[PDB]
Amino acid sequence: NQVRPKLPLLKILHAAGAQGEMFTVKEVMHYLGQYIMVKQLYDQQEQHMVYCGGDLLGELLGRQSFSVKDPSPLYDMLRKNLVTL
Amino acid sequence: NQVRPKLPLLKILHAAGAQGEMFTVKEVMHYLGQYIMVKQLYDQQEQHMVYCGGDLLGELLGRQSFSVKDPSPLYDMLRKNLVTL
Amino acid sequence: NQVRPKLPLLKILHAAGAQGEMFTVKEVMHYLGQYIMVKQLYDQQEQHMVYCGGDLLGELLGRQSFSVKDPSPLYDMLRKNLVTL
Amino acid sequence: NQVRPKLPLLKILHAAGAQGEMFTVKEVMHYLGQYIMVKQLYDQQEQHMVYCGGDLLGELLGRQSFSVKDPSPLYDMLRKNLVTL
Amino acid sequence: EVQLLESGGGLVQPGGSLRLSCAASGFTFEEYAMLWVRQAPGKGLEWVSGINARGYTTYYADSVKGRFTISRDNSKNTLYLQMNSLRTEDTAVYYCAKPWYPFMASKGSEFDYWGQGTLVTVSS
Amino acid sequence: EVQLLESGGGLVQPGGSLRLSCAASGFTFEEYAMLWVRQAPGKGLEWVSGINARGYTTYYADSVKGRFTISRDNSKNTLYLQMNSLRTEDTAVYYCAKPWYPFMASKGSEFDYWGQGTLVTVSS
Amino acid sequence: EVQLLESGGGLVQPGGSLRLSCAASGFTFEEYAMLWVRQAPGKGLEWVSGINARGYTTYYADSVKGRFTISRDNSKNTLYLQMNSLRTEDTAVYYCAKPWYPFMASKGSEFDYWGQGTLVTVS
Amino acid sequence: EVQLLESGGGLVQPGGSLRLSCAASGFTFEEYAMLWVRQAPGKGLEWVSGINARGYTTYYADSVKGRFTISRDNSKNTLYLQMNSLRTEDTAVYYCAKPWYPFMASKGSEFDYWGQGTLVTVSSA
Amino acid sequence: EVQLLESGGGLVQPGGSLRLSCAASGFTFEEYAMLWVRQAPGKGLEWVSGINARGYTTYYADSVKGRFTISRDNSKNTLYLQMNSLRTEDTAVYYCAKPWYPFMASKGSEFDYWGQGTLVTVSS
Amino acid sequence: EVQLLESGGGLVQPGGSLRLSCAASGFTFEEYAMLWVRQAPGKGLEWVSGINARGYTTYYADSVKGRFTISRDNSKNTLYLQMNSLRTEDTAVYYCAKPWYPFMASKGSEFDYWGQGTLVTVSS
Amino acid sequence: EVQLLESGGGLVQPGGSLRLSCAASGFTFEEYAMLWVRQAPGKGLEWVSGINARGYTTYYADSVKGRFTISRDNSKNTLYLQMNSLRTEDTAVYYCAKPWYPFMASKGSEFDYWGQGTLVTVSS
Amino acid sequence: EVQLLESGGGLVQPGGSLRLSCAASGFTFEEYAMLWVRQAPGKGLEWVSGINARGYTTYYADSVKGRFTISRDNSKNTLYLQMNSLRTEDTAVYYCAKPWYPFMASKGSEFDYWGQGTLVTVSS
């Protein structure tokens with residue numbers, strides 16, 4: 001199942017090292033994980049907490065922070081940013 | 001004032017993250033700038049040059065290559081693709 | 001004419017698939033070639049160059065790198081590591 | 001404190017890659033461990049058990065097998081083969 | 001391009017032990033927390049254990065606490081699960097898993113990658 | 001209540017043959033596709049073959065095509081694997097499995113239940 | 001959502017110096033070349049200078065070259081313009097502008113956003 | 001040429017935790033089982049824990065079993081000791097040790113190399 | 001266990017051509033660059049030509065440049081030397097050589113293995 | 001100035017015989033061991049026989065033992081090869097060779113010079 | 001023309017060490033294997049050690065194995081003999097020697113030239 | 001470790017000739033210019049001749065120009081001085097000398113090392 005990310009999401013993926021414009025949903029999430037790590041948006045002392053305020057990611061999600069234990073913010077963003085091919 | 005982009009242009013706008021069906025001209029152009037940038041349709045070394053042959057934008061412009069220093073192809077596209085509300 | 005490699009060299013030979021403890025000089029060199037290849041110590045862009053720093057081989061040779069176009073470092077290692085039987 | 005290993009032991013150490021004629025006791029034991037390992041004189045299923053029967057090492061220990069867990073046989077060899085300088 | 005290859009499974013009697021191995025490739029192993037999960041017959045996938053990238057922080061399900069030990073050797077791109085005092089209920093296909101989130105060592109997700117698994121059977 | 005019981009394992013020479021069977025109970029056998037998988041000593045799970053519920057559509061791993069034949073007898077609630085032209089690397093424990101979804105016969109089908117398996121050894 | 005707030009303008013004598021600032025929000029400042037444009041009495045918009053997104057390449061009108069200095073602090077989402085040896089000819093309303101085209105730093109356009117401006121008076 | 005550099009020690013409250021690290025060089029770390037040993041005030045060296053080269057077989061003194069975890073990252077030439085539920089009597093200098101015998105993970109020997117150590121102090125002070 | 005068997009040598013008149021072949025065995029042929037070298041009467045060994053493992057990159061001594069063509073067939077584990085515009089000076093025993101270093105295609109070494117050779121005679 | 005002229009080749013039937021001669025000049029013949037090698041049509045170099053400088057010690061390939069006899073006449077600077085009980089597989093061009101080292105008379109001896117050779121055909 | 005000159009000899013106690021050197025010229029040093037031999041007060045000639053031309057293969061008499069080390073520096077035209085744990089029986093004049101043939105480094109190599117020798121005396 | 005040893009000196013009549021040679025070792029001979037100097041009974045040192053490292057540029061004292069010829073053989077590590085139409089005042093001990101800097105072959109080159117010298121006496 002291939003998907004094509006809308007460009008605001010693609011931008012985040014490419015910044016994490018992704019190539020191209022088509023991906024599986026799993027690939028998208030793995031690049032998103034890479035992004036949060038390389039941009040160091042997580043709290044070192046509480047790594048499941050992501051502080052994305054003032055970052056592309058925060059603006060895309062419309063929030064300042066979130067827990068990767070609660071994927072609900074991510075579901076919303078995925079629905080709105082992935083076009084199934 | 002606000003405009004409604006013809007579906008062709010709207011698809012490009014939506015891919016760029018544009019929400020809704022009504023925009024101002026400055027909004028439309030902002031999104032187009034993002035579209036070109038993220039889809040890397042420009043020359044890394046000569047950034048004002050856009051090579052849009054092989055992209056759906058190239059069709060709308062009816063061109064393959066152009067410098068944004070020349071808005072002429074751009075005015076044409078806008079006229080054919082924006083409906084004033 | 002067999003030689004018995006000292007154990008630091010034998011270690012490298014076994015790692016490249018050699019069996020036993022006695023060899024001809026040519027067998028030693030052929031296994032060394034295999035070692036460099038399988039351990040990917042050569043430069044894919046400049047294959048005659050071997051970067052052995054941080055490898056058992058580098059430590060035996062006392063070198064970070066060397067070119068197979070100059071056998072000298074290999075001579076000294078053989079001298080210090082081959083016992084004629 | 002430096003020691004001179006008598007020739008029979010020295011030959012074992014040199015095979016192990018030792019350089020020179022004098023070592024510390026800890027240096028001697030380090031090379032011994034290396035010797036046992038590379039020559040695979042140990043039991044892969046019971047690695048503290050050394051089978052040195054047909055090896056020159058067996059001649060020094062005057063034994064055919066034994067466990068490294070008990071120093072006694074080692075101490076004996078050390079006493080008879082290290083000359084304090 | 002992510003690939004995970006589990007091995008080491010087999011048949012053992014209750015009280016016995018097994019060590020599972022997971023060979024990882026196609027991503028930067030040393031950047032990732034890693035998980036073991038398992039599926040017993042007729043049941044949903046159960047998270048079993050996890051370990052941080054640096055390998056000194058570990059997590060265990062209450063069901064295996066004190067009996068299983070997870071470890072990793074980044075230099076060999078390999079994850080291990082040492083299983084001792086095995087019980088009939090540990091019978092399952094065991095899977096190595098890469099989390100989508102690099103620091104997630106304590107829970108699985110729908111977005112994880114898994115290998116084909118290795119079968120563990122404990123009976124008698 | 002779901003039970004799958006493999007049998008028919010043994011020791012054979014390269015080029016030899018064995019017929020494996022799997023006796024199913026505790027569910028509506030004739031409604032489910034069924035699968036064979038195997039695990040060679042010290043390795044992991046490899047999907048071998050599958051067959052649809054009504055038993056006329058068959059699937060095979062490339063490594064066994066032409067040599068293995070899967071079939072079923074719904075009146076007896078039994079699944080078969082006929083293994084001809086056996087090779088050393090066919091050595092494995094073979095497991096019968098029921099998928100979670102009745103239509104899934106191919107590699108990667110989510111399992112529901114699988115048996116403890118039967119050992120097949122090919123050697124000279 | 002785009003917002004550009006100019007400040008630092010005021011009243012100076014021929015030869016003095018002012019430092020203009022522009023507080024940008026509603027978009028990714030660090031992605032955009034940014035522009036300074038101005039409007040003196042009786043005249044339309046004159047492009048004054050521009051700076052690339054990173055801040056290492058800068059452009060200037062000749063009438064202002066070797067006198068004004070453009071710069072940016074991406075951490076503070078702010079653009080600056082250093083006007084030294086000010087002239088009477090420089091009295092005008094100064095605007096910070098975001099180009100629709102992310103790499104356009106050498107000239108303005110009708111599709112750009114600009115702020116409400118800041119007033120500079122030299123005499 | 002062999003060096004073992006221990007660190008991570010400090011002062012902690014009873015029940016607290018600390019992680020020790022040992023940076024090894026001068027030998028092929030990935031070939032050797034490695035040990036942790038300790039010396040409390042007024043006593044001699046007590047063997048604490050050991051691990052095989054491959055990292056998946058570990059050994060522990062009864063006194064620390066269930067509280068300490070040994071691990072290693074060969075790619076970093078580093079040995080670790082995670083110490084939880086620390087007790088007053090865990091106070092000591094902790095040493096990293098390279099055994100003379102490459103497979104010896106369950107006990108120390110007088111022929112082993114050890115570092116200069118790292119000081120661990122457990123007290124409600 | 002390395003074995004190199006050259007053939008195709010013989011007698012030809014100046015201006016003539018001969019195709020030499022070399023059957024290689026006892027090593028992984030397709031992993032290795034391979035060489036031709038020759039020994040003329042009274043002279044020392046002379047490197048003649050070389051080719052990378054994959055068979056697409058070739059090298060030649062100035063003395064035979066433009067006249068000789070080296071090629072290989074990894075499927076047949078065979079190396080070839082097509083010799084055109086042959087001269088009196090090309091008289092020599094020609095040898096197929098395996099380099100100790102897998103990527104060395106441009107020069108011989110004292111450590112290479114050679115076959116027994118094939119005699120090439122050029123006279124009118 | 002060194003040269004070796006082989007002669008005496010011809011066509012004979014199986015069980016027939018031929019004597020080859022080799023005329024040497026340009027070096028001190030009686031100080032050098034000497035060799036015969038041959039090359040079958042389309043094949044490679046095969047060592048046949050060798051004799052020491054003083055002509056009392058002889059060496060032979062197992063393929064020609066008891067059938068071929070090597071000898072020399074130093075007063076004539078001539079080497080000989082008496083071939084009896086010839087066989088179809090003996091068909092070859094036969095070459096006289098002078099070793100680099102005066103004492104080398106056996107298989108493998110490094111050549112210094114060799115002649116253009118003489119053709120021997122053994123066909124019913 | 002050939003010139004060999006030995007130095008480094010002297011008086012030492014048992015267990016002591018000494019490093020002999022041999023200066024070579026008048027021929028191409030780097031093309032020749034080289035030897036050390038010795039002669040005690042009566043004794044006769046005894047071969048001690050040999051090294052190949054490029055200096056990577058070494059040979060020793062049993063009576064000095066493990067104690068003596070031969071080496072050379074072809075950039076300096078010098079041959080060395082490192083003598084450790086000297087024994088009374090090692091007392092002798094040591095000679096540097098060039099073989100008639102370049103490849104001869106073992107015992108019984110035909111001598112071409114040798115030096116005037118250097119006295120080594122081992123005793124209380 | 002440098003060693004230089006002169007030879008070839010002797011007694012000769014005026015108008016006669018002699019050829020001196022100098023054996024070098026302990027350094028890289030081919031990388032250094034080399035020198036000849038002389039000292040007549042008392043009379044102090046006098047530079048005679050020099051030659052560059054590669055042996056193609058020569059230098060002479062006016063007093064021997066046209067009569068003496070310097071040369072070297074880098075393959076033999078040997079320096080030569082050919083002395084023709086000798087004159088009574090050429091009488092002296094002749095010395096081989098290595099310069100401190102590799103390029104210095106002329107008068108006034110700083111010496112690094114020199115030989116013991118060889119006596120040349122020109123008279124009836």
Side-chain angles (χ1 to χ4, degrees), chain C residues 1-42 50-68 70-85, chain D residues 10-20 23 27 30-42 55-57, chain H residues 1 26-32 102, chain I residues 2 99-102 109-113, chain K residues 51-52 54-60 65-66 69-71 82:
Chain C
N1 201 199
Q2 303 273 72
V3 298
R4 180 193 304 282
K6 292 190 177 161
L7 301 182
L9 179 49
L10 190 72
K11 182 184 294 186
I12 284 162
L13 303 185
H14 285 172
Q19 317 272 342
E21 308 185 349
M22 292 164 36
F23 303 93
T24 71
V25 173
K26 293 198 182 184
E27 285 172 341
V28 170
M29 292 304 296
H30 284 71
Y31 285 117
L32 190 64
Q34 272 291 319
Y35 181 82
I36 290 165
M37 174 171 267
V38 294
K39 297 266 308 214
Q40 313 264 203
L41 301 172
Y42 64 94
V50 178
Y51 294 82
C52 48
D55 189 85
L56 290 173
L57 177 60
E59 288 151 12
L60 192 58
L61 301 169
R63 297 275 303 257
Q64 292 301 306
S65 69
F66 71 99
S67 160
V68 293
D70 184 7
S72 70
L74 300 181
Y75 288 163
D76 198 39
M77 179 277 291
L78 295 174
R79 175 182 66 92
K80 300 174 195 167
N81 288 269
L82 299 188
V83 181
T84 62
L85 306 184
Chain D
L10 187 63
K11 283 176 177 180
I12 289 166
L13 302 175
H14 283 164
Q19 314 291 314
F23 308 85
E27 280 177 335
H30 166 86
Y31 286 112
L32 187 59
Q34 280 290 321
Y35 182 92
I36 294 164
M37 182 175 76
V38 180
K39 291 194 89 166
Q40 304 186 257
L41 293 174
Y42 64 94
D55 195 79
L56 292 169
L57 183 50
Chain H
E1 208 192 40
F27 65 103
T28 308
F29 187 74
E30 65 270 26
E31 289 178 348
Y32 282 85
Chain I
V2 163
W100 74 267
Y101 192 67
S109 82
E110 57 204 306
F111 303 119
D112 298 340
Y113 285 113
Chain K
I51 186 165
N52 68 350
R54 302 199 187 204
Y56 66 76
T57 299
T58 57
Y59 307 87
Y60 300 94
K65 264 181 199 164
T69 300
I70 190 173
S71 59
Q82 175 64 48

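Basis for what follows: all heavy atoms, side chains included, without hydrogens, waters or symmetry-related copies. In what follows, chains are A, B, ... by sequence order, proteins preceding strands, each numbered from 1.
Side-chain contact check for C:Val3 versus K:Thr57: every heavy-atom pair is 4.5 Å or farther apart. Looking only at side-chain heavy atoms (C-beta outward), I:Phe111 and C:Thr24 stay at 4.5 Å or farther from each other. C:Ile36 is listed as a side-chain neighbour of I:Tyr101, based on a closest heavy-atom distance under 4.5 Å. By the 4.5 Å heavy-atom criterion applied to side chains, C:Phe66 and C:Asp70 are not counted as neighbours. Put simply, the side chain of C:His14 does not reach to within 4.5 Å of the side chain of C:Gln19, judged on heavy atoms.
With hydrogens and angles disregarded, a donor-acceptor distance shorter than 3.5 Å links the side chain of C:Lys6 to the backbone of C:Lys80.
Taken from CE in C:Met77 to CZ in C:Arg63, the straight-line distance is 12.0 Å, to the nearest 0.5 Å. Atom CG of C:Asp76 is separated from atom CG of C:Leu61 by 9.0 Å, given to the nearest 0.5 angstrom. Atoms NZ and CG, on C:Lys11 and C:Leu60 in that order, are 10.0 Å from each other to the nearest 0.5 Å. Atom OG of K:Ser71 is separated from atom CD of K:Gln82 by 8.0 Å, given to the nearest 0.5 angstrom. One distance of note links CG of C:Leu32 with CH2 of I:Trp100; it measures 5.0 Å at 0.5 Å rounding. Rounding to the nearest 0.5 Å places CG of C:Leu13 at 10.0 Å from CE of C:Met29.
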Let's go through K:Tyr59 and C:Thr84 carefully: what are the C-alpha distance in whole Å and the side-chain angles of both, what is the deciding distance for side chain to side chain contact (heavy atoms under 4.5 Å, CB included) to 0.1 Å, and is it a yes or a no? CA-CA 6 Å; K:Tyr59 307 87; C:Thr84 62; 3.9 Å; yes
Would K:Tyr56 and C:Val25 satisfy side chain to side chain contact (heavy atoms under 4.5 Å, CB included), going step by step from the backbone distance to the final call? CA-CA 10 Å; K:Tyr56 66 76; C:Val25 173; 4.1 Å; yes
Pair C:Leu85, C:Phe23 - check side chain to side chain contact (heavy atoms under 4.5 Å, CB included), show working. CA-CA 10 Å; C:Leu85 306 184; C:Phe23 303 93; over 6 Å; no
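Residues C:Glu21 and C:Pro5 share a closest heavy-atom pair of O-CD, 3.2 Å. Pairing each heavy atom of C:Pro8 with each of D:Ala15, the nearest pair is CD-O, 3.8 Å. I:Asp112 and C:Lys26 make their closest contact through O-NZ, 2.7 Å (heavy atoms, listed as atom of the first residue, atom of the second, distance). Counting all heavy atoms, side chain and backbone alike, C:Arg79 lies closest to K:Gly55 at CD-O, 3.4 Å. Here the closest heavy-atom approach between residue C:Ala16 and residue C:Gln34 is recorded as CB-CB, 4.2 Å. What you find for C:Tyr31 and C:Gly17 is that their closest heavy atoms are CE2-C, 4.1 Å.
Below 30°, between 30° and 60°, or above 60°: for D:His30 and H:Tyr32 the angle between ring planes is below 30°, a parallel geometry.
For the 3.5 Å distance criterion, the side chains of C:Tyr35 and C:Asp55 qualify, holding a donor opposite an acceptor.
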